[PDB]
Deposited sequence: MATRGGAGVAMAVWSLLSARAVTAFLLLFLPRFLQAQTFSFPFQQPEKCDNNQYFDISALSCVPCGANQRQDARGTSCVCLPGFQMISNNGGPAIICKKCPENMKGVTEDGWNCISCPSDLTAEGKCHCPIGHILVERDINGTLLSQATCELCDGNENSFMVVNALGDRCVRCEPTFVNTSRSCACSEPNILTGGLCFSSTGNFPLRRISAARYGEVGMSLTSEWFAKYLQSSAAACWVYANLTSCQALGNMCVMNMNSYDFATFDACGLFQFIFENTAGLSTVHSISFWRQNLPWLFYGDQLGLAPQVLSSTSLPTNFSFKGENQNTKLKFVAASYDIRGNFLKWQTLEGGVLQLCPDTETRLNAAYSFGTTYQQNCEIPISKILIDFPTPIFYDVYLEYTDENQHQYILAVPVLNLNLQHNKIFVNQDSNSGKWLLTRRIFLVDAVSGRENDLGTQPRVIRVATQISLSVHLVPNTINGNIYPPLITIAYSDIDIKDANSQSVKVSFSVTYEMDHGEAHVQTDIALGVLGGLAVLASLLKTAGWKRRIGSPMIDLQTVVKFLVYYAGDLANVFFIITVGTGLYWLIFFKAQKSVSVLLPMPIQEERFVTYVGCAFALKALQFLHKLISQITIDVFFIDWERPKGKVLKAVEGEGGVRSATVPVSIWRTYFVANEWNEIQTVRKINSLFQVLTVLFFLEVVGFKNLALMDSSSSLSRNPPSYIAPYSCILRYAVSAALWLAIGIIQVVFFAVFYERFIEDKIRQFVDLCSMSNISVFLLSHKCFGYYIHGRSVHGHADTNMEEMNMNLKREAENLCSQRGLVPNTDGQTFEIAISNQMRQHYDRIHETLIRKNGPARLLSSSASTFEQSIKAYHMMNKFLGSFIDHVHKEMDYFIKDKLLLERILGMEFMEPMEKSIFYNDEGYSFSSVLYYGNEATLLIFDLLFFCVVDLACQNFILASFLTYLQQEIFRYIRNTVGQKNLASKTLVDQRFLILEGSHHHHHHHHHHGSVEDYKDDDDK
């Protein structure tokens, strides 16, 4: 069959119907019965006394005789009444009396007399809100008054009765709660329980009221106007007037009875508090030291000041975002920079935080003589009016007031005229932050006291079924960069000074390789280009060294002495690196432009057109072999980082693990280690490729360069190059490769040929270079020295001979994109580490370094060969 029946709710059963628990449908009560208070059964009508009622819904009651109209408090019986009946027919009598119907024995009386409670003699008694038995009246009443009357000469506020003659806060209190920006609302909680709690804290020593006034100075945002008179003004008044009983432990800010709320009513105690050592613990990371976790505790008081309990902050206290127990607990381990972010809806907050609970966070350590101690943690409130000016949101850490107490959700102090209706404003703590800061020069883990910088939002409530709240939480670690900046400045400076000597030598070499000894204007521009090139390397070295220093001394250290930089330091380092990319790009573009506009020429018979199109095409295919298999390199670098797990060395955590198991917490990435692993895998695989590639292909797979040298020998062609204006390359005449330097007289001759025009002129020069090399120019051969070969220069200037230099190391390889693969290897690394830096994605970083290779690989092969068509035949 089918199993379905109408949906019925207990709230919708009729007044004469009751809700069944095993049938889930409304059921009529029966005979003169009516629905009970809650609706799961029926209790019958006034005037009817109940006979029998077991644990079932069906009950039997009968109209008892009319001469006894009323019933007892319990509906088992009915008896006569001394006065008129009630609406429920329960035989009341006037305000101040107790309704006696039973006896001492419990037997009935059938008359129901009601007698006055004494309350005015050696034994004090007042009715107990149910009208049954006398109960004792409040001890305050019986003290200040004489027997719980509290007439006009005394004062009755908040439920107590203080004598008029004694001390009493006589002043027109202001029960105003400071709102978001320019609002305020006279909350009922203050206006009812503020004056009473002040006077009870002062006159008697009734501590829970002193705490209940500390909590009113905290729910209102610690705002000490110092000219008006509200919760915190009242707290400071009580503080000032209770100076006879001085201080509690040794803290001048802590009065004997009151709690500890402020750090002082003045605005200079921020550094002297935040910068005092006072913590003997020695935190570490892994080894023989077993202190990796911060031991927090927190004493939690109710609204009325009741001291619930002590408790460790572990397990998710004062972090109101939900997660498993591992992540929450791990947001407290020394080293793991926690960061959490969720989005609560209003209805859940109003259900799970009916009233505020106030905490005072403490940090627990051990003393010298093995006794245990606790330290105090100072909270920067960021919402703290002081003279209607927000002090705690500044930059100068001198104008800071440090409070002591925090809460999470405050759905009480926002209530309007009636204390039981509903808030119109609820106040949530939407940004908590705990910052740990270790003393400057250490060998151990000593730290300053931590700090909690809480900031409270004042969300409105107009739907209570929408307007989710955006709450967060953070724990961030720090240190004082003293040696880092100075040693980087020094190193950088001296490398820059060392780099000036390299650009001068290169510029003077480029000077001596052109027939013009005058530094008119081209020299200065050439020197600036060379200097950009030779300073990009210094910036690159500094950045890789610094990133790798951070990685090595942070991931593997026994007793903590360095902590990674935060955003500011990251930014400084980032600024230091964009410069390296810009300057290296400048050098690469200059080199490519210098390579494209070359002058080349083939001589037919040195040592027809269907032979030169053979060599010319082979040369046009050898101009972009990079000695490093590019694509493979990029893919390998993107592999290690993403699937074997090296990108997990970059987490801001304390463990240099690999492939963190996903019940763990995954700390945020640091953009100063992301540039260390990326730029240490790239160099580690670049070096591999040289040794592997080079050696392997030299032993056995093709070496295209050494083929082209021999290919000319099997087709008796000669290749003639001119690099700048007077420095060239080989001839294949004695084939051997070897550099040539051309005398100024010859370059004059070579340019006078540059005005049927192909064959007519092409053959004029083919009979000239064959007449130049086959012996009034008369070149001569020579050899470089061991000092010239590192200087990249020339000592002897050609002016009458046009000297030739023998070089067996394939010198002509520095123009065809092969012998200058250092720049390419590096320039393809800063591109990867800059796209990785703007958008932190790794696939996007290495799809944009492959895309920039092929564009520049294509530009070289198109404009390069288009040039060669003009400089030679067709």
**OP:** Where the model has no C-alpha, note the corresponding stretch of the deposited sequence, numbering from 1.
**Re:** 1 to 36, 644 to 665, 793 to 827, 849 to 867, 888 to 890, 990 to 1021
